[PDB]
Amino acid sequence: XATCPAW
Amino acid sequence: XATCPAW
Amino acid sequence: XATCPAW
Amino acid sequence: XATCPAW
Amino acid sequence: XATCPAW
Amino acid sequence: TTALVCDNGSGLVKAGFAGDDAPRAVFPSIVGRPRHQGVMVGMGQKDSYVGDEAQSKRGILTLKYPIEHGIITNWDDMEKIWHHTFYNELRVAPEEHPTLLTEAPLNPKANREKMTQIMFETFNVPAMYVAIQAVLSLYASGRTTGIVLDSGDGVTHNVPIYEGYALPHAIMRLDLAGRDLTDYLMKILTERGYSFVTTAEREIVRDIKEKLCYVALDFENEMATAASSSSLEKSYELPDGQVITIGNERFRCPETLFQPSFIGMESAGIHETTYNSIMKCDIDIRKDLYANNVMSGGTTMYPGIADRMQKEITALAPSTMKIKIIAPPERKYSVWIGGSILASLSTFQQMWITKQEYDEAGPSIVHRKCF
Amino acid sequence: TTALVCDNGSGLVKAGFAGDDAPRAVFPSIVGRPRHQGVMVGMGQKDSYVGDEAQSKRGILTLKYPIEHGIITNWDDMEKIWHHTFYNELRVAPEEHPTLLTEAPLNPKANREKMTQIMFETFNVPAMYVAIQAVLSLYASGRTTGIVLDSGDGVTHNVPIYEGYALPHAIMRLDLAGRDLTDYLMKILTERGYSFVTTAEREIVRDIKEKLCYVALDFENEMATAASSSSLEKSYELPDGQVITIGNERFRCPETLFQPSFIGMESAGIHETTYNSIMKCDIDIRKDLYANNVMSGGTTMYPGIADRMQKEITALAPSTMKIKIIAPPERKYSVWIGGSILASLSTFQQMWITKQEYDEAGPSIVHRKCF
Amino acid sequence: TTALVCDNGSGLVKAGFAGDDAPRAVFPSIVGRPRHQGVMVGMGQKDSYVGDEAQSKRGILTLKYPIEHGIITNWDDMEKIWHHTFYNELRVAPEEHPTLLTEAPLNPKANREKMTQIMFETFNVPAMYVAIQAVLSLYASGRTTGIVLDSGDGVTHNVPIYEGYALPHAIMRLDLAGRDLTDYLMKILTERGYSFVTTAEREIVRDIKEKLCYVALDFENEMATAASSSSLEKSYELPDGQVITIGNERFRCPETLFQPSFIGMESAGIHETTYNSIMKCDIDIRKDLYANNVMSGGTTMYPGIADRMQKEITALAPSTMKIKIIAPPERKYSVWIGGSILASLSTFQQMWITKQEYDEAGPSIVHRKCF
Amino acid sequence: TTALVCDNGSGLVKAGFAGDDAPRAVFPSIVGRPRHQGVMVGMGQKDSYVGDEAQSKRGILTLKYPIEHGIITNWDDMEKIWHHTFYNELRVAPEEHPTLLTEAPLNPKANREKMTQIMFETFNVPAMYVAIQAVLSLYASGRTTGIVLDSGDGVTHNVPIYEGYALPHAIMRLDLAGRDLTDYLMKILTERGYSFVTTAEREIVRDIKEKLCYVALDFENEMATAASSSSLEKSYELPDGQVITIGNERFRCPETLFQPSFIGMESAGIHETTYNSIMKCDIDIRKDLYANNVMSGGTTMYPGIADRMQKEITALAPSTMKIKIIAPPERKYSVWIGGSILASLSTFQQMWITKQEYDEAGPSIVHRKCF
Amino acid sequence: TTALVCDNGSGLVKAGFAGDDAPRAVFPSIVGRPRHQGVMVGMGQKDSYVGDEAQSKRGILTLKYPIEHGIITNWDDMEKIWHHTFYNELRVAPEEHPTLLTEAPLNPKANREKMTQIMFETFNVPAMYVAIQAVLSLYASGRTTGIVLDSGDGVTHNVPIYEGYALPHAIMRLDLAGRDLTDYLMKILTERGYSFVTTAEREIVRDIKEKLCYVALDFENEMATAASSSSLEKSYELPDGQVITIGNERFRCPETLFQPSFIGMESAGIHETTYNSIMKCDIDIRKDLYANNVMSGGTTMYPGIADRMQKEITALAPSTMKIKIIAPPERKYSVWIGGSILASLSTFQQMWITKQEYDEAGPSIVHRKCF
Ligand SMILES: Nc1ncnc2c1ncn2[C@@H]1O[C@H](COP(=O)(O)OP(=O)(O)O)[C@@H](O)[C@H]1O
Ligand SMILES: Nc1ncnc2c1ncn2[C@@H]1O[C@H](COP(=O)(O)OP(=O)(O)O)[C@@H](O)[C@H]1O
Ligand SMILES: Nc1ncnc2c1ncn2[C@@H]1O[C@H](COP(=O)(O)OP(=O)(O)O)[C@@H](O)[C@H]1O
Ligand SMILES: Nc1ncnc2c1ncn2[C@@H]1O[C@H](COP(=O)(O)OP(=O)(O)O)[C@@H](O)[C@H]1O
Ligand SMILES: Nc1ncnc2c1ncn2[C@@H]1O[C@H](COP(=O)(O)OP(=O)(O)O)[C@@H](O)[C@H]1O
């Protein structure tokens, strides 16, 4: 959900 | 040289 | 029991 | 220098 | 000075 | 009543019955949809294709993966895949049997919680359970100590275990994967004049990687050998009918596992992560861990990978002790193998989660029971 | 001729002149070096950056700390930092003035001995001296008895002093630190979907900790309050432009100072160490130590930390006596404050180490003079 | 001794001297040969025509391009064009001056290697050098950060640069071109009764495109406006003397840059490629890249293209930050402008390749020196 | 019916049958419990470990001593140890045989009284008896006069005996121990960079002490010899595989028996206590006590300890008389040796305590009978 | 010109002017010196402390008595105490006034001879005189016959006097003291778990003795009363803040004055010494001595001591005669009271020792004049 782009 | 057609 | 610390 | 890891 | 121990 | 063992990794999906030595269903997890226009009327059509059938017709469809890093991104594509396994590929009723599912160590909480509702509410199935894909590698070996290493395709990680006691402050997780090795290869081949840019073109780049790639024991002299002599230069044909000649990129692609700077990711490497995992442990149980290095990833199948790890750690360990890397030949299905043992085990029968337990608390019961 | 007072802790570096109430140079101690490739020609480049300038450009560099636990690990990075203070940040000649340096209580011998050669041989500076960072806290209070407690970022420790007589068989040192609290926080945030893994990503995790964290007076009901009501749940934005929502991890991170089992380090805690330090002392001077607990660490700035230590020790002390924790509001620079007093002091002028004393004996003179 | 700056793109060929603000030779790169039979004797004939002369007599010849995608396809036609520039169009000796050539980012290796032999062996010319056509756009702006976007006629691509450090894992290249926009237009005009099928007919279809085409800010209401009202319907005459009436195909042709499905190429588009290029970068230097979008392609000259990119990215960026697209009015020759600065630069004079360097190693020296 | 002889000192526990020359069970007295989490199911687990088994697995457990100074601190841990000896290590029925236990001279009353109930009520055992661990050293020598000195690990003390008549106003007890010598050693080693802080780390500091330590005959010149010449500097390896180098701390650790100010305990020393014990005696039987100094402690095994006591007392005695320190080579088990003689002795058979005697008076019978 | 009266017993030191009813300076005679290390600089320090100031800071110092049995052991500590009285505590010039000193009956000769030089040579003081501390008790009563008994803290003794004629062949001296009663008490308290072993710990054992101790009239039934009923069991707190419970040792400590075998000293007792002193006298003046038993020791202050001496001697005297023990309530300062009378007496003025008498003979004049 932040800097990952799958989170 | 493969699938392009200029390579 | 006083000043030791096993008594 | 042994078990720390900065010593 | 003999058998006491302050003499 | 026999339990069901279902493994769902990134890529291949494996399933079977309990009490067996080999699975029955192995197929990739892809969802495809067409993109051109239909003309002819009399044919029977479908809006999507799921199993191996979508692999046969890749010249039309647009392929799509649901799982990216071990995280469920699209839930509606996931329900089609589980529906495909329970009915079409394998034939069973859902409400007859209990199931058993596997996950990753440090994924977030909502990943292992939304999948509780689906296995209870929309599938009326009793007695599910969730495991971790590092404990299940030791049951295939039958040991009780050691340190594991599984990569596969999603993530690489390692968990140290001593005498049945796990050490939670020593788990290391690295996001370098298997599909990142595919994507770096199709960048290097543009230096000779080959170009593969489509989601359909990607799978014939994967098939090159599995056939002719190796991990060299040295790196500097290999760049000088192949630059002078034309000895290791081989060839390969593709479904167009042409000939592709590949040399000097055979060993250069798996070298990013030892130097991740080629992508640009700044990290340590696959060998310093294993060394720092032992160093964060105690001082008295280090000796039983240098002699037990099991290794059971799907990516591990490159030739010459076992002798490379022998040479690297001895430069870091002190000069007295002894190292030993264990590599069984059937180390691809070993996560499914350990799942077969724990399901048919007698003591395990008090660790299930009944349906009444879900009605008392709800979907937050899974953080309490299983771990 | 005015003396120089230089404090070099782990992290921030503080310096100034003697006879003053506030320092002039406050900046972190980081050495960075680039990692990408240079392309454009006309710019003027440097191989490294030292002061606050390396903090401004963190999107390229790889940051690095020289000091880890209060021990100098890399000497070549240390000479760049002392050269940066004497010339660039503060402007002075080295050979004009005497200096004054501070250390830790139980560091090994070669740490306070290699730094004698650098302050004499490569810097032609007369009259240095080495102190201990617990005595210097009492001069800021002006008292003459009591027990101190300084943590900061390297190490936490405490020294009992009565009437100007120190008790060497009662000093306790614990290696739980400040940077270990940063590293445990970025492990907990992966339970919602946040991931910060880079040396550059570390500093925006530190900045969250300083703004919204508190030490709760109770622990068990706080886990039941925040699980039911959504009251203490706040938000924060980051330099990407997005929004982060944090609740239940605000108080859970500073609880490791009272239960160190969460890391895995097996020890006692910050309150039983203070209780066992008084108990190893005599029986007649315990009463003057329960009424004097000064407390001057950099880590001490959490809200609600003074009322927590009131409640804990009264469960261990007998029911008659009286406890009192003293906390001045400017308790961050207090180690520099006491250094300003002792330099301008009149009696002190026979305690310097002249340059001729080094030529007679050598670098082993420091174990005799200062203590 | 003044250096020579030669740009050879797909289509137009530009050249001039160093230290100037405008080139001197601008002409297309076409090689034509006749196809009918000669009858009259007294005239003087030639087998081929090269420069603007082949453009004047297109009613007989068969035109031919040497470069297709940025790749030299036919070498014998290329030697006629370089011979035409050094002697006929511009008058110079080759052996007197050094040269400077430009290329594309991800072309294969043999393209930039066969052109080393021609500039040394058959043309006795010292001190050549090869650059990249994205770095040279920043010198025309004078900045030192930002992200570029050049399309022209061969290929479209973009390179992010921060503080003189390029990021090699973020370069994106797309093969949608300028001549593909010409070829799609002459397919649409057959819906009214116009047919242009010859290599000579192609150039009067290009000349329609440059005069009356625009990029609409919206797409759905424009299809409903022009279907009801006959307002934007204009006219044009051709060298036969007739009248052509064109409406509804004016804006419909440049819409393939935003939806490439109209050709059938499956890709993302010109705006999602720029968004994914920033997203693959770091987290700390994204803010300086949303405020610096230079844009210097030859294809960029459509009216209404700057306001369209303002509207699109704000639907993808978060709601706080600020975007800014920079468009200088003389953005057509800007690749030649930056070539004039770097040649007359003082520091640059150690970056040439002398003739003795070629005699030591050979044609593989170019992969080491320049990059 | 043979009696049982059980010695339970601080640390090692020794036991055997009557009428023998050597014991059969020697093992430390430690109770350990785990602290990590269990994962693997199929293993068989225990909550605690008692004998030598807890020593083998010290990398998990938390070790714990029941006895601190010769005083039973935790009774529930003591019942596990006596249950381990009567059944597992040695195999016997409890109700078949009489027992015999040993104590310290000036411990409080409730220590030798709670252990009466356990040997009668929960263990149905007849005929127990309690002795004193200074009388039992003379039976191993066979003499009838002299002065003893036993230290071991709990406490050091000395009792003067003449012709079978003990002198109760001359007994001296000092609380300097054996485990205090271990704890001072691990403080000194932090001056070179070694740090051992865990209950598990303590036992590899004990093992250094037993191998290379000696008591020097002089102290001042030894500090000047080892500071100039590198002659007595030796080395040692640890179970990690590394090398430790120790010099100048070999003799410096047992010097606290002669100067107890290094800990901070203010007392006299091990030689002035023996001198003041003779001086408090009479004037006519001093001559038979200077010639009989038996010495049978477990701590006495340092090399060079017998020649040091020769040199010290002659500086205090008058110049005419003769001193003689007796040191048998098997002076470690000598407290068990004297217990074997007194049990098989014929006159002793009226000194037991029958079970009917406990039913008449109660647990206060032990202060009357035995002394 | 008023004379000075100085009493210096073992323990307390008393002084004042002549012609008064109460002294002015009462303080113990202790010399203390520090033992830890000084750290803080700005304080003002002293090497030793003498008066009541050394009593206030006992947590650091090592206390020391100069006088042991009535014999000056260390002369250098004695000169500090006399210097403290003449200047600091009491303010006077030494050369202005005559002095008056007291001693013990059978101390050796050099004790009363070295103190002649100090009162003449280093203190220029005229007219000293030495008395005996048994004659001075009768002046406080005003009688002229009787037998005295003074113990205090050094020695106990008794001198019979009839009609102003002393009987030198009847003086009895016993070395049982007051500090020996303190030392036996801190041996008995280790039977419950209390341990006080330091010179600083000794004074809080003295303070227990003065508050709750009594002399029982019978001994055998008191051992049976307190063993059955818990009636006389009291409590006391100490400066740590804890609670001490003492029963059965209240009366058991002063019973050694009647049976000295508990220490081990073989003698008669305090009542048979008084009976044998009368029996060695004549036959005609025994009747006036049974009716006059004055009793003026500092140790005499125990409750119940007067009724005990009534009961004991009537078992030894014949059945006709009458006994009577006299005990004034202010019997503590009575040795100073008699010193005030004899100094202000008119006939006494020819008994001084002038300074010229010392210059004629020397220090051996004191055995001739005073007696
Ligand atoms: N012979 C091989 N050599 C190298 N890589 C392989 C080989 N066979 C399979 N792989 C890799 O294994 C990956 C998936 O393996 P596997 O671990 O079975 O699946 P998962 O990762 O889902 O558990 C594929 O991405 C493929 O790249
Ligand atoms: N407001 C705050 N709350 C909690 N911690 C803080 C705060 N401000 C600073 N710190 C901590 O103080 C540490 C360093 O403080 P300081 O003691 O001044 O430096 P040093 O430890 O080098 O002497 C930093 O690591 C930071 O974590
Ligand atoms: N006014 C215009 N509007 C749209 N396209 C144009 C215009 N002028 C030129 N072009 C396009 O620019 C292309 C070549 O431009 P340029 O970038 O200068 O050459 P190159 O691509 O070789 O560098 C031509 O194919 C033409 O289609
Ligand atoms: N070779 C040795 N040198 C020095 N100390 C020793 C040696 N062997 C044993 N010890 C000490 O003896 C202590 C216990 O000895 P022992 O007297 O047998 O046990 P206990 O004191 O319980 O009777 C241990 O703490 C150990 O420190
Ligand atoms: N209330 C009391 N009960 C018992 N003993 C006492 C009491 N008060 C004082 N003493 C004892 O008197 C001793 C000294 O008394 P004193 O005779 O005045 O001094 P000195 O013996 O020097 O003349 C002290 O050692 C103390 O033990």
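Here chain F follows Swiss-Prot, giving residues 7-377 in order.
Here the Cβ of each residue, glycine as well, is placed from N, Cα and C on the backbone.
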As Swiss-Prot has it, region 'Interaction with alpha-actinin' corresponds, among F:48-60, F:74-86, F:334-346, F:360-372, to residues F:360-372
Which range of F:14-27, F:98-111, F:112-125 is region 'Interaction with alpha-actinin' in Swiss-Prot? It is F:112-125
Lying 6 or more residues past either end of the region 'Interaction with alpha-actinin' (F:112-125) yet within Cβ distance under 8 Å of it, the residues of that chain are 76-78, 81, 85, 88, 105, 131, 134, 136, 163, 177, 179, 364, 369-373
Which of the modified residues F:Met46, F:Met49, F:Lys63, F:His75 sit near chain A? With a CB under 8 A, the answer is F:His75
Whole-Å Cα distance, F:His75 (tele-methylhistidine) to F:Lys63 (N6-malonyllysine), is 26
In the same chain, residues at least 6 away from the ends of the region 'Interaction with alpha-actinin' (F:360-372) whose Cβ sits under 8 Å of its Cβ atoms read 118-119, 122-123, 126, 132-133, 136
CA pair F:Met49 (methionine (R)-sulfoxide) / F:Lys63 (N6-malonyllysine), Å rounded to integer, equals 16
The DSSP breakdown of the region 'Interaction with alpha-actinin' (F:112-125) into helix, strand and coil residues is 9 helix, 0 strand, 5 coil
Filtered by Cβ under 8 Å and at least 6 apart in sequence, the residues in the chain of F:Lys63 (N6-malonyllysine) near it are F:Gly38, F:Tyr55
Rounding to whole Å, the Cα atoms of F:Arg179 (ADP-ribosylarginine) and F:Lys86 (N6-methyllysine) are apart by 30
The rounded CA-CA distance in Å from F:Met46 (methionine (R)-sulfoxide) to F:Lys86 (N6-methyllysine) is 27
Using DSSP three-state counts, the residues of the region 'Interaction with alpha-actinin' (F:360-372) come to 10 helix, 0 strand, 3 coil
Ordered by sequence, the long-range same-chain Cβ contacts of F:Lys86 (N6-methyllysine) under 8 Å (at least 6 apart) are F:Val37, F:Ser54, F:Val56
For F:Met46 (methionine (R)-sulfoxide), the number of neighbouring Cβ atoms whose distance to its own Cβ is within 10 Å equals 6
Row F:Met49 (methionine (R)-sulfoxide), column other C-beta within 10 angstroms, all chains, value 7
Counting every protein chain shown, other Cβ atoms within 10 Å of the Cβ of F:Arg179 (ADP-ribosylarginine) number 17
